[PDB]
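Colleague: Just the starting chains for now, same placement as in the complex:
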Amino acid sequence: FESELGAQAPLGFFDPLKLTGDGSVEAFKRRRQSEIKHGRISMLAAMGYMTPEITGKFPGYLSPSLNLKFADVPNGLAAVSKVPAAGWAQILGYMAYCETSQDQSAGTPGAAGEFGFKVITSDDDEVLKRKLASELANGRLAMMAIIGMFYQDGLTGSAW
């Protein structure tokens, strides 16, 4: 299982206890689907947890009826109880549209993260593989980063 993406120059095939059971190529495919999805989610999460600090919170309201603003909703884990409940419902609705529009069952493009984004791409298959591996590595880094950021927000009083 060395040649199926990942397996970058740092370390080799990192599996201290996993995939050593029987291989089970389809289990690895499911875990790769989960890894790509978690990596994309965590990349978005890290970007949206660091951007309200690099750049000021969006100019607007986010809830004109409830008089909220993007600037008076605390960044980070304190925003779960501050963003309007209907706003969270709409965010989850967009996530559900992403997760249910195209099929994600086994043996499908949705099972390998292939939905059709196509914006960051190329035509040279070697470059395609390099960019896919870069996405996977950035996703793993973002997973660990966003978990660390969540715990920094929790243990401390606020973000960072």
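Modeller: Now that the structure is in, tell me what you want to look at. Numbering: from 1, shown residues only, chains lettered A, B, ... in the order given.

Colleague: how deep is residue A:153 tucked in, by neighbour count?
Modeller: 19 (other C-beta atoms under 10 Å). Placement of C-beta: from N, CA and C, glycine included.

Colleague: any idea what it is structurally, helix, strand or coil?
Modeller: helix (DSSP: H, G, I helix; E, B strand; the rest coil).

Colleague: show me the contacts for it.
Modeller: Residues in contact with residue A:153 (C-beta atoms under 8 Å, 6 or more residues apart in numbering) are A:76-78, A:159-160.

Colleague: Relative to residue A:16, which of those is nearest.
Modeller: Of all these, residue A:77 has the smallest distance to residue A:16: 30.1 Å, by C-beta to C-beta.

Colleague: Could you report the neighbour count for that closest one?
Modeller: 16.

Colleague: Next one: it from residue A:52, what distance?
Modeller: Distance of residue A:77 to residue A:52, computed by C-beta to C-beta, to the nearest Å: 13 Å.

Colleague: cool, residue A:97 as well?
Modeller: 24 Å.

Colleague: Could you look up the SS state of residue A:9?
Modeller: coil.

Colleague: Do I have it right that residue A:74 meets residue A:82?
Modeller: Yes. At 6.1 Å, residue A:74 and residue A:82 qualify as touching, with contact defined as C-beta atoms under 8 Å.

Colleague: Chain B next, sequence below:
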Amino acid sequence: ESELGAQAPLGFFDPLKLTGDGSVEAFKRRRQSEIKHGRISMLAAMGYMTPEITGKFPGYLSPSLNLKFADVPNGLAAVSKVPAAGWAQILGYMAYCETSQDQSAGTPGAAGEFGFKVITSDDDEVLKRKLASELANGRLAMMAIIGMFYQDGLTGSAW
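Modeller: Adding chain B to what we have so far:
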């Protein structure tokens, strides 16, 4: 007929003779009687010994009557303390255990075999050891239980 109880250190104990007249099914019926009396006597003796060491376990005995588990004494005193419904349930459990399987002659119930098993042999010759141990414990517990009966009757106390 020297089996089962013949393991005794005394041996084929036949004072007043008895069972010498080729009474084979009388022997089997007396085996049933001995097994049942032994089991009930062991249950009784355990239920007399337990309420003093780690005494009456906390709880409640009769919803409307306000009888607790600590109200009912031990020994022959306790006969007239458990309510009518409680004694009815105890005797009903006795009747169900008696009537569950057929105890007529020749049946498995005609030798104490009711499927209880639990402490049963692995079919490696220790079945006779287990049967004889149960028989001896019941034999001892019968005289023990009668002696405790007499102690409670004469002294008056549970001991």
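
Colleague: Repeat for the neighbour count of residue A:153, accounting for chain B.
Modeller: 19 (other C-beta atoms under 10 Å in any protein chain shown).

Colleague: Ok, the one 5 residues further on next?
Modeller: When neighbours are defined as other C-beta under 10 Å, residue A:158 has 11 of them.

Colleague: what sits against it?
Modeller: A:74-76, A:78 (C-beta atoms under 8 Å, 6 or more residues apart in numbering or on different chains).

Colleague: Now do the phi/psi pair for it.
Modeller: With angles defined as degrees, to the nearest 10, residue A:158 sits at phi -160, psi -170.

Colleague: quick one: it from residue A:53, how far?
Modeller: Residue A:158 is 10 Å from residue A:53, by C-beta to C-beta.

Colleague: go on, residue A:92?
Modeller: In terms of C-beta to C-beta, residue A:92 sits 25 Å off from residue A:53.

Colleague: Which pair of the contacts of residue A:158 spans the longest distance?
Modeller: So for those, where distance means C-beta to C-beta, the most widely separated pair is A:75 and A:78, at 7.5 Å.

Colleague: Settle it for me: which of these two has more neighbours?
Modeller: Neighbours per residue (other C-beta under 10 Å) separate residue A:75 from residue A:78, with residue A:75 holding more: 19 against 13.

Colleague: looking at this, that one is in a strand?
Modeller: No. With three-state DSSP as the criterion, residue A:75 is located in coil rather than a strand.

Colleague: okay, now chain C:
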Amino acid sequence: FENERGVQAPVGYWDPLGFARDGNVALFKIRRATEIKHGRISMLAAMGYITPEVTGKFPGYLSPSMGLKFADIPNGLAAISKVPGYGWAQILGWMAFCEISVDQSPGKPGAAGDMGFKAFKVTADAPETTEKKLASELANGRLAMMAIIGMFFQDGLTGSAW
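Modeller: Placing chain C onto the earlier chains gives this:
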């Protein structure tokens, strides 16, 4: 019945009393489904006792109208009165939905533990790894059943949680 799941290393085919041991495969199927469901609900209850003590009660309300604020509610045989009646109704409704959405009855796959909940993702074409997971589910369910009864008794006698 000595080749099924269950029977394991510590004790073999465990049957001190006379249950099973007389064929009755359908009765054994009923008892296995009962054991699996009880173990699952138990494991959940065991966690529902340990977690509010190891980590702490949830950061929320559970009743924004009544302002119960989660943490005000105690843990174990005392939340039965604190948690609002409609909250208990909703919990029992979710349990009833879990029961009725599947069709537990003779033969159909809901009578062996498969309730359609395909989380704890285990793959096809890899048995003797699914079977190990199912055996672990059974064993943890048994342990959790005894444990949750013990925790019930501990709370009742000690008058509070643990």
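
Colleague: Could you re-examine the neighbour count of residue A:77 with chain C now present?
Modeller: Residue A:77 has 17 nearby residues by other C-beta under 10 Å.

Colleague: hang on, it packs against residue A:150?
Modeller: Yes. Residue A:77 is within contact range of residue A:150, at 6.4 Å (criterion: C-beta under 8 Å).

Colleague: Ignoring the adjacent residues along the chain, who's closest to residue 33?
Modeller: Answering for chain A, as no chain was given. Nearest non-adjacent residue to residue A:33, counting by C-beta to C-beta, 6 or more residues apart in numbering or on different chains: residue A:111, 5.2 Å away.

Colleague: that's the other chain; I wanted chain C
Modeller: Excluding the flanking residues, the one nearest residue C:33 by C-beta to C-beta, 6+ apart is residue C:111, at 5.3 Å.

Colleague: if I pick the one you found, what's in contact with it?
Modeller: C:29-30, C:33, C:104-105.

Colleague: any idea how far it is from chain B?
Modeller: 27 Å (C-beta to the nearest C-beta, to the nearest Å).

Colleague: can you check residue A:114 too?
Modeller: Using C-beta to the nearest C-beta, which is the criterion applied here, residue A:114 is 61 Å from chain B.

Colleague: Count the residues that sit near that residue.
Modeller: Other residues close to residue A:114 by other C-beta under 10 Å number 14.
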